[PDB]
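K.L.:
This is the structure I want to talk about, given as structure tokens.
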Amino acid sequence: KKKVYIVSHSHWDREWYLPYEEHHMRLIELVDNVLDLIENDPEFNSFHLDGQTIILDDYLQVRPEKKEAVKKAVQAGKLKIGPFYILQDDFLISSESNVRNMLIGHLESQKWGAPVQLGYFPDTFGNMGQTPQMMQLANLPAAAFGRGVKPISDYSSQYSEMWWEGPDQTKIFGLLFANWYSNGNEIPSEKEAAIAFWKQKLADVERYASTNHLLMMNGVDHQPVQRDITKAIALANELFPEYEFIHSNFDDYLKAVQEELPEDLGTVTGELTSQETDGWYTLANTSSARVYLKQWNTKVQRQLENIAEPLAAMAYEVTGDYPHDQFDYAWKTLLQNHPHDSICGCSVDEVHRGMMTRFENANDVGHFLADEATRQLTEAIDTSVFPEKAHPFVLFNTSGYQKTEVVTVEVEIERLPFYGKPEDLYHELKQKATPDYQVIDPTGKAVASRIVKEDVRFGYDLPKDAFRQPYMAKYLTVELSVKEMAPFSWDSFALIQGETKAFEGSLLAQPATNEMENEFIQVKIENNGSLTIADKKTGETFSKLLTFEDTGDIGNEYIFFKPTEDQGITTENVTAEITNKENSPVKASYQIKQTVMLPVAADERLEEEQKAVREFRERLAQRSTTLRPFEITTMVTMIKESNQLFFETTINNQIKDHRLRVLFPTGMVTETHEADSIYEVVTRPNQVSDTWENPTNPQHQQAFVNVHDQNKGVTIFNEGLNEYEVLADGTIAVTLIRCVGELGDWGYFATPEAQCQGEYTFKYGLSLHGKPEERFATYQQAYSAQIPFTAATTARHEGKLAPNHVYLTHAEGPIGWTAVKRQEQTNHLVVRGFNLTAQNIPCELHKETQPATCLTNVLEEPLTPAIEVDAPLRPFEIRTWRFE
Amino acid sequence: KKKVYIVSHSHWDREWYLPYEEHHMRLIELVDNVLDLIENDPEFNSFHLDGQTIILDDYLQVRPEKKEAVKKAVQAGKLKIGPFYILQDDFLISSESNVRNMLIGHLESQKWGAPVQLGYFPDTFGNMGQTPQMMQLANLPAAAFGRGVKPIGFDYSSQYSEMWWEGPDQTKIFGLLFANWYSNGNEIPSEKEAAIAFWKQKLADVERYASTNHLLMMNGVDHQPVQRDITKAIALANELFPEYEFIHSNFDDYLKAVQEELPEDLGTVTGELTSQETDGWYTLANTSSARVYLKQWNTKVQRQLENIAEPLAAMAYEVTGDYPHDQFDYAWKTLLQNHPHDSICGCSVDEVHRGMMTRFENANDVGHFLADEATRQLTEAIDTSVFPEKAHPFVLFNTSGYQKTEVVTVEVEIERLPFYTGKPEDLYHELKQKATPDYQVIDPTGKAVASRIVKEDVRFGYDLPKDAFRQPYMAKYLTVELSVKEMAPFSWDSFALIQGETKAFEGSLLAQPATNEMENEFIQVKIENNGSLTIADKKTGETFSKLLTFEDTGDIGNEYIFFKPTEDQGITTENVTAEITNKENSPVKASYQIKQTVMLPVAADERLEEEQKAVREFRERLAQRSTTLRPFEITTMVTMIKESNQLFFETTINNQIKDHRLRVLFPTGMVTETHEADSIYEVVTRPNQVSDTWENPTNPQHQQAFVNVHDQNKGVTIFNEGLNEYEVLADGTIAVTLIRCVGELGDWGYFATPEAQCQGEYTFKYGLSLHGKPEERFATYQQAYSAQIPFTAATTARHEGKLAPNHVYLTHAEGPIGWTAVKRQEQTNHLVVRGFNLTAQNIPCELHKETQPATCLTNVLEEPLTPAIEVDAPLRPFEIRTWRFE
């Protein structure tokens with residue numbers, strides 16, 4: 001007798017085709033009915049709460065008196081919660097954000113009960129290759145998913161269950177929804193309807209079954225709970241005597257199905273990105289829907305992971321405090337924008353306007369905590385090493401890499417409180433002469449710098465023990481050339497009156513020929529605005545870089561689709577206006593201004609094809625014949641002590657139904673390329689499979705993408721530009737912005753704000769390298785470019801902290817450093833990194849010559865079995881350190 | 001020996017010059033330190049939590065594991081909470097929103113312990129006239145305030161910092177004035193020398209206006225951290241000054257002590273406290289026009305909850321036995337979070353107000369969901385089998401307490417092709433190509449109702465059933481126009497759409513397009529080439545000219561204050577060639593489009609930015625309007641229906657202009673001593689003659705739904721939706737401010753607010769109503785309330801039901817009454833109805849529900865009055881009466 005396990009559930013997208021509160025109020029009805037069945041049906045086994053604990057919070061936010069009832073249902077085993085906080089899109093959120101989803105979920109779960117030990121990815125558009133290791137590092141032995149593997153090729157499976165092995169050889173139990181998570185939805189309680197139902201549903205599940213234990217998912221998207229499931233199940237037990245129907249849960253099913261597993265069970269390895277399909281519904285183009293959401297997500301994630309948390313971790317040694325609740329609050333606010341329908345940008349306009357508010361709030365909490373930690377650190381630094389009348393300031397490197405930047409610091413040099421007319425103080429500082437200032441180090445040695453600008457403006461202080469104090473102040477912005485600042489360290493300086501020590505050496509730019517060069521590269525800006533770069537260390541030359549391409553797009557927020565007759569417009573034949581904006585021995589910058597006459601939108605045919613829900617592949621709309629100027633302004637910046645070229649493109653988008661890309665021809669036709677993923681540098685082929693029909697192959701990227709051979713290589717890094725494609729000739733095409741007018745999917749939902757009108761700024765850059773070992777240096781500096789330097793002023797005072805201090809000594813090598821924070825109750829220092837290579841490398845951490853206490857998992861629990869702190873870093877290993 | 005009562009507090013603006021979370025993270029630090037003092041310092045008496053309970057909620061959402069500590073702090077009487085939910089602006093939120101603030105503040109305070117029984121208005125920009133009655137109707141016998149009254153010593157001036165406050169209904173409460181502001185006791189020195197100079201000054205300031213030997217020192221200020229050494233400083237004061245007894249105390253103990261020794265010569269203030277006897281420069285009344293989109297959304301969401309969702313849900317309880325109390329509490333708290341004075345006044349930074357829009361969207365969507373749930377539940381219970389087969393029935397609800405007259409539009413689905421039938425694009429074009437039969441409207445009897453088919457539409461649609469998956473389909477919709485005449489209050493009428501010859505409206509066309517004229521049985525409208533209106537009251541014989549004139553001037557002030565540049569003399573549409581086009585014309589409804597293009601300065605000149613950065617006082621600002629001009633088009637839709645004297649206006653602009661204010665003018669033609677305006681449960685009488693101390697060349701006043709000017713023979717009423725700033729000019733011209741654009745926050749520093757320039761598309765809804773005898777003015781007020789409450793139309797299928805096709809849910813005592821609430825009590829589910837008298841006379845007011853009288857009259861907290869008032873007792877002047885039906 002084959003047992004059939006029926007698990008009641010409801011896949012709840014938090015916000016999608018309706019505004020958030022429209023879904024939120026229907027979530028109240030769902031949970032109300034779930035609790036009613038629990039309290040009134042003694043034969044109701046359990047209800048799976050979609051693997052996300054936030055549903056409990058969203059429910060009790062409206063019905064708080066139900067907390068005790070909700071708690072009892074969880075403690076009785078009838079309401080199965082966890083283990084995640086929300087159901088995220090893996091590729092569109094940061095590596096740490098994926099970990100915090102499990103960490104927050106693990107901590108939120110212990111307010112109710114033991115969560116389900118199952119990774120829940122039912123609707124995730126592609127699954128990250130590091131899922132097995134990340135699951136195991138969070139005490140999750142199994143994972144349930146629905147996309148990425150076809151049940152019956154490297155990405156197929158003869159069984160609905162399988163083994164899933166990551167690049168670090170960590171293996172978990174893969175549970176595929178081979179007939180989707182809706183095969184058991186709406187089970188009939190009538191004879192003639194139940195016979196025809198179970199005759200095909202039992203048939204559909206036994207094609208891919210490897211055991212006598214079948215899985216029937218009793219729910220679907222926003223599905224109300226089947227209130228007569230007990231009657232339908234009891235009816236099924238009487239109509240099919242060979243099968244045994246059991247209202248069950250995932251925990252009992254996982255235990256049962258894995259007891260009678262066969263020996264010939266298959267194994268999938270690495271990413272699961274639907275690479276063996278027709279490529280028409282990968283939904284990868286969600287990486288380009290509403291680019292402003294991805295940019296805000298990148299900025300807030302860096303603010304929390306790489307700014308506020310490291311600084312607050314350092315400030316703990318001064319205060320003995322760590323704002324755990326504030327950080328937890330900021331992370332849950334940020335994670336509320338990480339449901340896959342939210343961060344992918346495939347919802348209605350009101351949903352994404354609401355995401356901007358959450359982005360702002362989480363960012364502001366991140367700035368507040370970073371400013372508190374920075375004040376606590378600088379106030380404890382012994383700045384009395386500087387002469388009197390000096391203006392101290394401290395630079396913080398909050399990353400795990402050697403940092404090389406030309407930074408600016410704004411130092412207040414005079415202050416006039418008003419408590420007379422405040423306007424007199426303004427004009428007083430306005431008419432006061434500004435002396436020559438000079439930067440010095442703690443020893444009094446003059447540091448080279450440049451006085452950029454001065455500003456007189458209103459300001460105020462918010463003391464922790466007194467009323468607000470307003471003032472009029474004068475500020476000097478000083479430019480510094482920081483060369484290879486040690487990771488997780490700080491350096492103190494000061495402004496004093498005196499002749500400024502100017503930068504020395506040859507100018508980086510040669511403006512008459514529109515050229516730049518340092519010791520690494522020689523850059524030439526051609527007439528069309530493209531870049532010709534020569535690698536001075538390898539001798540390789542690259543041409544036609546930074547070409548901009550614009551084509552039409554008549555798809556939706558999920559899928560890009562070029563009009564059939566659209567050839568695209570590029571800047572290859574345009575005539576760029578090139579201006580050298582800055583030129584110093586340490587920094588040079590050019591402004592490239594280009595214009596292309598683009599179609600204002602799609603022609604009038606697209607609207608009727610959208611309203612009629614015509615499939616995008618059958619759409620005949622072309623680009624409009626009415627034109628409108630489209631201006632592209634790009635800044636190209638080069639500094640003396642780095643091989644990275646930095647790009648900053650500005651547009652005021654008034655064009656609809658189009659996609660803008662920037663092109664980097666590498667001249668290398670290779671089998672594979674490399675992209676930044678989740679705790680992984682994933683290798684991907686450039687040749688689509690035999691079943692692939694999409695003329696494009698959009699792919700997800702985090703921080704960079706790379707194409708290289710045995711001699712040379714090009715690394716393109718970005719900020720919030722998560723969609724790329726490697727063309728046939730080896731050209732790296734990064735998508736800047738993609739504008740559509742409808743949601744897509746199951747109906748017609750107009751989304752005009754998905755046209756992304758208004759001003760935008762895209763930050764990206766390139767880095768050349770030679771032998772394949774030199775990739776990882778460009779990978780680290782790609783991570784470092786996303787992390788800004790932290791500078792803050794402070795007065796003269798004594799203190800227990802030295803003016804220059806290295807907080808963490810990191811093992812040099814191909815390692816990505818992603819987290820520095822402190823554990824919840826213990827306040828132990830937590831550091832997390834991961835191996836960039838497939839090789840065992842030495843990795844030893846030290847905090848002021850003190851070794852780490854032990855290695856932990858991502859939940860900051862000690863590893864079992866224990867790994868030695870000085871043990872080599874295994875290939876693709878995610879390692880977390882604990883310092884007491 | 002006098003007693004010095006030191007009350008520690010912190011006036012906490014939830015969001016102001018910083019983004020919300022920047023203030024919020026500092027709120028966590030404050031409450032952490034207050035709990036530190038409460039749990040450790042044995043001499044720390046208590047801490048007054050700014051009169052708002054939302055501080056407890058905002059603290060626990062970041063630190064939930066501190067809830068037991070907060071409970072113990074409140075249970076110990078050391079954390080003084082309530083009685084409000086938030087500290088609101090009085091005039092800029094609806095009448096019910098003021099009551100919901102007290103109702104939720106009470107219910108929340110009871111969850112922790114009990115509220116401080118003191119009305120807390122420390123920084124409210126003007127106080128509503130009905131404050132004493134509203135305080136008394138919430139079990140609050142006293143109110144502490146800071147603005148509106150001037151202390152003297154030895155009309156709106158008091159010799160003492162204690163006074164009696166009598167409302168228009170003669171309800172009288174005890175008034176506690178912060179005569180030396182709520183910061184006189186801030187940062188008490190804990191050192192000998194500093195304490196002497198401090199108290200020698202502070203004691204003399206408080207004694208200037210003390211009517212008793214009990215003195216109030218407010219130990220706190222805006223966003224002030226709690227004074228950690230307050231215990232030490234108080235003991236030092238008792239040591240240094242033997243003639244005084246310094247006590248760390250609280251408002252409960254102070255109020256009991258000061259009112260026990262109150263002298264008989266105590267002064268009494270009556271009505272509004274709007275700083276009438278000041279110089280008029282710092283009323284901050286111009287906040288009512290700052291960021292008008294906030295006021296428009298607030299009006300929309302408030303009507304959606306008070307006058308749509310709650311009345312429909314109260315009726316839907318009859319068929320379901322359920323009422324979504326938790327959802328309404330969630331929607332109201334979300335809306336009240338936009339009601340702190342710095343929020344709704346529009347005097348914060350850009351990040352704050354973009355966050356308010358999210359709250360408005362969320363609260364509005366909950367009100368829509370709850371209204372659609374009640375609407376579906378009611379229509380599912382209506383017996384629609386009375387209509388013939390194949391008919392498409394629909395139901396019209398009047399969710400207001402007034403006789404409603406309106407030309408209504410109803411969209412009815414006539415066909416539906418589900419997606420499982422075939423390919424979606426095939427179904428779309430199949431319905432598009434299918435011919436449309438002529439349809440006819442019928443009542444349950446079968447008698448044809450006059451109508452007109454407006455338009456047809458074929459689009460995608462879906463259903464979200466409560467027991468199955470989503471249901472997508474392609475549908476065809478017909479838009480039918482009905483002429484509803486004096487529909488009964490709180491009732492519903494059922495109609496149906498059958499195939500047949502449509503019954504057209506009969507009578508003469510309301511509009512005469514050859515001369516740009518409209519007229520019915522009440523008014524005769526001429527639209528001049530000027531674009532202004534010349535109206536003739538056909539019942540009273542009066543004429544009014546130059547109506548609907550637009551005026552734009554510069555504004556170099558801030559979000560608080562309007563200030564015209566010294567050389568600006570204004571720009572008007574009085575000398576402009578308008579483009580007039582008749583859009584609709586029928587026997588029941590006609591509308592005209594008026595297009596006017598005027599050249600406006602793009603902004604102020606470059607001198608304004610320097611005067612803002614230097615924080616120069618606005619009166620000393622030399623900036624003028626820019627000489628660079630830019631086109632500015634004004635499009636107004638003037639609408640008239642057959643069965644109403646209301647002339648509706650809809651002005652739309654694409655505001656690309658900065659540093660200016662646009663108003664619409666209505667010359668009444670009569671110079672009176674006083675005018676009237678809609679306030680909070682009150683039609684307040686305001687003077688046109690400006691006081692002697694007043695120096696502001698303008699007199700901006702707050703309005704809710706309307707403003708009126710009348711004499712003994714004629715009158716003009718101007719109603720609006722979210723246009724809350726008005727001014728009655730010296731020649732009787734009513735000027736309603738449409739939009740006011742500034743670039744800085746103002747107040748204590750320089751805070752650039754470019755989104756306060758209100759750039760983009762805007763639509764202003766307002767109207768005109770004429771009357772004759774002064775008693776006729778109250779009917780225009782009711783219809784002004786009724787214009788803000790749209791009809792609720794809903795389609796349903798044919799089915800038997802337990803509700804009648806036509807039914808009156810509530811019968812109202814006809815007369816000069818405003819009806820503001822129909823909802824149900826949280827636990828008892830009793831039907832709650834609230835109205836108020838518009839006049840100063842005792843009028844009859846008997847309310848019935850299905851011929852059954854009310855059980856008892858209650859306060860605004862929905863509890864029986866003590867002592868009770870008979871349900872058939874006459875409505876007292878300016879009384880706010882609340883009914884309860886068990």
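We name chains A, B, ... following the order of the structure tokens; residues begin at 1 in each chain, and ligands are numbered from 1 as shown.
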Neighbours of residue 341 (chain A) within 9 Å (only C-alpha atoms; same-chain residues fewer than 2 positions away dropped), as a list in words?

P.N.:
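These residues fall inside the cut-off: residues 13, 14, 15, 16, 88, 89, 337, 338, 339, 343, 344, 345, 346 and 347 of chain A.
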
K.L.:
Could you save the residues just selected, with N, CA and C atoms, as an mmCIF file, in the first residue's frame?

P.N.:
```cif
data_model
loop_
_atom_site.group_PDB
_atom_site.id
_atom_site.type_symbol
_atom_site.label_atom_id
_atom_site.label_comp_id
_atom_site.auth_asym_id
_atom_site.auth_seq_id
_atom_site.Cartn_x
_atom_site.Cartn_y
_atom_site.Cartn_z
ATOM 1 N N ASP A 13 2.441 35.084 -1.783
ATOM 2 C CA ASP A 13 3.250 36.214 -2.215
ATOM 3 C C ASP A 13 2.797 37.454 -1.454
ATOM 4 N N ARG A 14 3.732 38.101 -0.755
ATOM 5 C CA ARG A 14 3.360 39.168 0.169
ATOM 6 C C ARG A 14 2.742 40.356 -0.562
ATOM 7 N N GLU A 15 3.257 40.682 -1.746
ATOM 8 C CA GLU A 15 2.733 41.788 -2.538
ATOM 9 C C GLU A 15 3.035 41.525 -4.004
ATOM 10 N N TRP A 16 1.996 41.560 -4.839
ATOM 11 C CA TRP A 16 2.139 41.196 -6.243
ATOM 12 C C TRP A 16 1.250 42.055 -7.136
ATOM 13 N N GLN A 88 12.671 34.717 -0.568
ATOM 14 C CA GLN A 88 13.444 35.673 -1.344
ATOM 15 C C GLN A 88 13.758 35.139 -2.737
ATOM 16 N N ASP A 89 14.234 36.044 -3.589
ATOM 17 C CA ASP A 89 14.921 35.676 -4.818
ATOM 18 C C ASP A 89 16.411 35.601 -4.511
ATOM 19 N N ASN A 337 11.566 43.973 1.588
ATOM 20 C CA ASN A 337 11.666 44.253 0.161
ATOM 21 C C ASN A 337 12.263 43.092 -0.623
ATOM 22 N N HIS A 338 12.613 41.998 0.046
ATOM 23 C CA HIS A 338 13.260 40.858 -0.590
ATOM 24 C C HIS A 338 12.353 39.691 -0.996
ATOM 25 N N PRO A 339 11.043 39.681 -0.707
ATOM 26 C CA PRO A 339 10.179 38.698 -1.373
ATOM 27 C C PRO A 339 10.350 38.772 -2.883
ATOM 28 N N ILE A 343 11.539 42.303 -4.979
ATOM 29 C CA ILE A 343 12.861 42.705 -5.449
ATOM 30 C C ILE A 343 13.006 42.475 -6.949
ATOM 31 N N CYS A 344 12.277 41.506 -7.512
ATOM 32 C CA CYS A 344 12.345 41.289 -8.953
ATOM 33 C C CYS A 344 11.672 42.404 -9.741
ATOM 34 N N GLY A 345 10.862 43.235 -9.090
ATOM 35 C CA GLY A 345 10.190 44.312 -9.790
ATOM 36 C C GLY A 345 9.077 43.861 -10.708
ATOM 37 N N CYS A 346 8.380 42.784 -10.357
ATOM 38 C CA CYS A 346 7.303 42.232 -11.167
ATOM 39 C C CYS A 346 5.963 42.341 -10.447
ATOM 40 N N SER A 347 5.718 43.480 -9.810
ATOM 41 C CA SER A 347 4.456 43.784 -9.148
ATOM 42 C C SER A 347 3.882 45.073 -9.730
#
```

K.L.:
Give as a VMD selection string every residue of chain B that touches chain A within 7 Å, counting only C-alpha atoms.

P.N.:
chain B and resid 21 to 22 62 to 63 224 to 225 326 to 327 330 355 358 362 365 to 366 369 424 to 425 428 459 to 460 466 to 469 613 to 616 750

K.L.:
Separation of CA of residue 882 (chain A) and CA of residue 853 (chain A), in Å?

P.N.:
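Distance reported for this atom pair: 5.6 Å.
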
K.L.:
I want to know what sits within 8 Å of region 811-816 of chain A, based on only C-alpha atoms, with residues of the same chain fewer than 6 positions away left out; could you give that as number ranges by chain?

P.N.:
A: 400, 679, 776-777, 780, 783, 833-837, 841-845

K.L.:
Let's see if you can do this: from backbone DSSP, list all strand (DSSP E) residues in region 137-203 of chain B, as a count of residues only.

P.N.:
19

K.L.:
Give me, as a list in words, all polymer residues having an atom no more than 12 Å from residue 37 (chain B), counting only C-alpha atoms and skipping those fewer than 6 positions away in the same chain.

P.N.:
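Listing them by chain and then by number gives residues 8, 30, 31, 43, 44, 45, 46, 47, 73, 78, 79, 226, 227, 228, 229, 230 and 231 of chain B.
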
K.L.:
Take the selection from the previous step and output its residues with C-alpha atoms, as a PDB file, in the first residue's frame.

P.N.:
```pdb
ATOM      1  CA  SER B   8       9.612  65.622  33.536  1.00  0.00           C
ATOM      2  CA  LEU B  30      14.935  58.247  25.308  1.00  0.00           C
ATOM      3  CA  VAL B  31      12.654  55.448  26.527  1.00  0.00           C
ATOM      4  CA  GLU B  43      13.279  59.655  43.941  1.00  0.00           C
ATOM      5  CA  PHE B  44      12.235  59.663  40.267  1.00  0.00           C
ATOM      6  CA  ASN B  45       8.475  60.188  40.547  1.00  0.00           C
ATOM      7  CA  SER B  46       7.245  59.765  36.973  1.00  0.00           C
ATOM      8  CA  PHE B  47       7.741  60.739  33.334  1.00  0.00           C
ATOM      9  CA  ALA B  73       6.701  51.023  34.483  1.00  0.00           C
ATOM     10  CA  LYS B  78       5.888  56.070  36.834  1.00  0.00           C
ATOM     11  CA  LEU B  79       5.258  56.065  33.062  1.00  0.00           C
ATOM     12  CA  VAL B 226      15.405  62.845  30.012  1.00  0.00           C
ATOM     13  CA  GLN B 227      17.485  64.715  32.591  1.00  0.00           C
ATOM     14  CA  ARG B 228      19.454  61.940  34.285  1.00  0.00           C
ATOM     15  CA  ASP B 229      20.345  64.111  37.308  1.00  0.00           C
ATOM     16  CA  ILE B 230      16.829  65.485  37.856  1.00  0.00           C
ATOM     17  CA  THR B 231      16.730  63.922  41.336  1.00  0.00           C
TER      18      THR B 231
END
```

K.L.:
Near residue 671 (chain A), within 9 Å and counting only C-alpha atoms, which residues show up once chain neighbours fewer than 3 positions away are dropped, as a list in words?

P.N.:
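So, after excluding close chain neighbours, the residues are residues 684, 685, 686 and 687 of chain A.
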
K.L.:
Using only C-alpha atoms, find the one residue out of A:133, A:449, A:157, A:755 that sits nearest to residue 169 (chain A).

P.N.:
A:133

K.L.:
When you count only C-alpha atoms, which of these residues is closest to residue 386 (chain A): A:479, A:192, A:441, A:690?

P.N.:
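Looking at the shortest contact to residue 386 (chain A), the residue is A:441.
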
K.L.:
Write out as a list in words which residues come within 9 Å of region 512-519 of chain A when counting only C-alpha atoms, dropping same-chain ones fewer than 5 positions away.

P.N.:
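Counting only the stated atoms, we get residues 507, 524, 525, 526, 536, 537, 578, 579, 580, 588, 589, 590, 638, 639, 640, 641, 642 and 643 of chain A.
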
K.L.:
Next, dump the selected residues to file, keeping only C-alpha atoms, as an mmCIF file, in the first residue's frame.

P.N.:
```
data_model
loop_
_atom_site.group_PDB
_atom_site.id
_atom_site.type_symbol
_atom_site.label_atom_id
_atom_site.label_comp_id
_atom_site.auth_asym_id
_atom_site.auth_seq_id
_atom_site.Cartn_x
_atom_site.Cartn_y
_atom_site.Cartn_z
ATOM 1 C CA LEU A 507 49.588 64.530 -14.706
ATOM 2 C CA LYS A 524 42.293 56.647 -25.331
ATOM 3 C CA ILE A 525 38.805 58.096 -25.809
ATOM 4 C CA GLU A 526 37.866 57.810 -29.478
ATOM 5 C CA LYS A 536 50.819 48.182 -19.890
ATOM 6 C CA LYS A 537 51.762 45.122 -17.809
ATOM 7 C CA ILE A 578 34.655 64.933 -24.650
ATOM 8 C CA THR A 579 35.849 67.228 -21.853
ATOM 9 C CA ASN A 580 38.660 66.702 -19.349
ATOM 10 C CA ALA A 588 42.009 62.395 -13.811
ATOM 11 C CA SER A 589 38.465 62.402 -15.175
ATOM 12 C CA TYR A 590 36.771 62.899 -18.548
ATOM 13 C CA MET A 638 41.315 57.050 -13.309
ATOM 14 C CA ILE A 639 43.480 57.246 -10.189
ATOM 15 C CA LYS A 640 47.237 56.852 -9.945
ATOM 16 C CA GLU A 641 47.533 53.827 -7.644
ATOM 17 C CA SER A 642 44.863 51.549 -9.154
ATOM 18 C CA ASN A 643 44.249 49.682 -12.406
#
```

K.L.:
Run DSSP on the backbone and give me the residues of region 606-639 of chain B it puts in helix (DSSP H, G or I), as a PyMOL selection string.

P.N.:
chain B and resi 607-613+618-620

K.L.:
Any chance you can output those residues with N, CA and C atoms as an mmCIF file, in the first residue's frame?

P.N.:
```
data_model
loop_
_atom_site.group_PDB
_atom_site.id
_atom_site.type_symbol
_atom_site.label_atom_id
_atom_site.label_comp_id
_atom_site.auth_asym_id
_atom_site.auth_seq_id
_atom_site.Cartn_x
_atom_site.Cartn_y
_atom_site.Cartn_z
ATOM 1 N N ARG B 607 17.982 85.554 -5.302
ATOM 2 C CA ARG B 607 18.191 86.092 -3.965
ATOM 3 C C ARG B 607 17.475 85.287 -2.889
ATOM 4 N N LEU B 608 16.486 84.466 -3.257
ATOM 5 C CA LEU B 608 15.739 83.731 -2.240
ATOM 6 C C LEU B 608 16.587 82.637 -1.603
ATOM 7 N N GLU B 609 17.385 81.925 -2.404
ATOM 8 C CA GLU B 609 18.176 80.822 -1.865
ATOM 9 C C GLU B 609 19.154 81.307 -0.801
ATOM 10 N N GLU B 610 19.807 82.446 -1.041
ATOM 11 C CA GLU B 610 20.718 82.996 -0.042
ATOM 12 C C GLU B 610 19.973 83.416 1.218
ATOM 13 N N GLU B 611 18.771 83.977 1.062
ATOM 14 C CA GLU B 611 17.998 84.388 2.229
ATOM 15 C C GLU B 611 17.468 83.189 3.003
ATOM 16 N N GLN B 612 17.311 82.041 2.340
ATOM 17 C CA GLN B 612 16.924 80.819 3.035
ATOM 18 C C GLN B 612 18.114 80.179 3.740
ATOM 19 N N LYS B 613 19.268 80.117 3.070
ATOM 20 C CA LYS B 613 20.441 79.487 3.667
ATOM 21 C C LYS B 613 20.927 80.259 4.888
ATOM 22 N N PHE B 618 11.618 86.011 7.351
ATOM 23 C CA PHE B 618 10.913 86.112 6.077
ATOM 24 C C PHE B 618 10.408 87.524 5.810
ATOM 25 N N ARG B 619 10.089 88.284 6.860
ATOM 26 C CA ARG B 619 9.606 89.646 6.660
ATOM 27 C C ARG B 619 10.688 90.581 6.139
ATOM 28 N N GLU B 620 11.963 90.258 6.359
ATOM 29 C CA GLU B 620 13.074 91.084 5.905
ATOM 30 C C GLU B 620 13.644 90.616 4.570
#
```

K.L.:
Near residue 302 (chain A), within 9 Å and counting only C-alpha atoms, which residues show up once chain neighbours fewer than 6 positions away are dropped, as a PyMOL selection string?

P.N.:
chain A and resi 308+786-788

K.L.:
What's the separation between CA of residue 363 (chain B) and CA of residue 86 (chain B), in Å to one decimal place?

P.N.:
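Atom-to-atom, CA of residue 363 (chain B) and CA of residue 86 (chain B) are spaced 16.3 Å apart.
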
K.L.:
Compare B:36, B:725, B:684, B:862 by their minimum atom-to-atom distance to residue 702 (chain B), counting only C-alpha atoms, and give me the closest one.

P.N.:
B:725
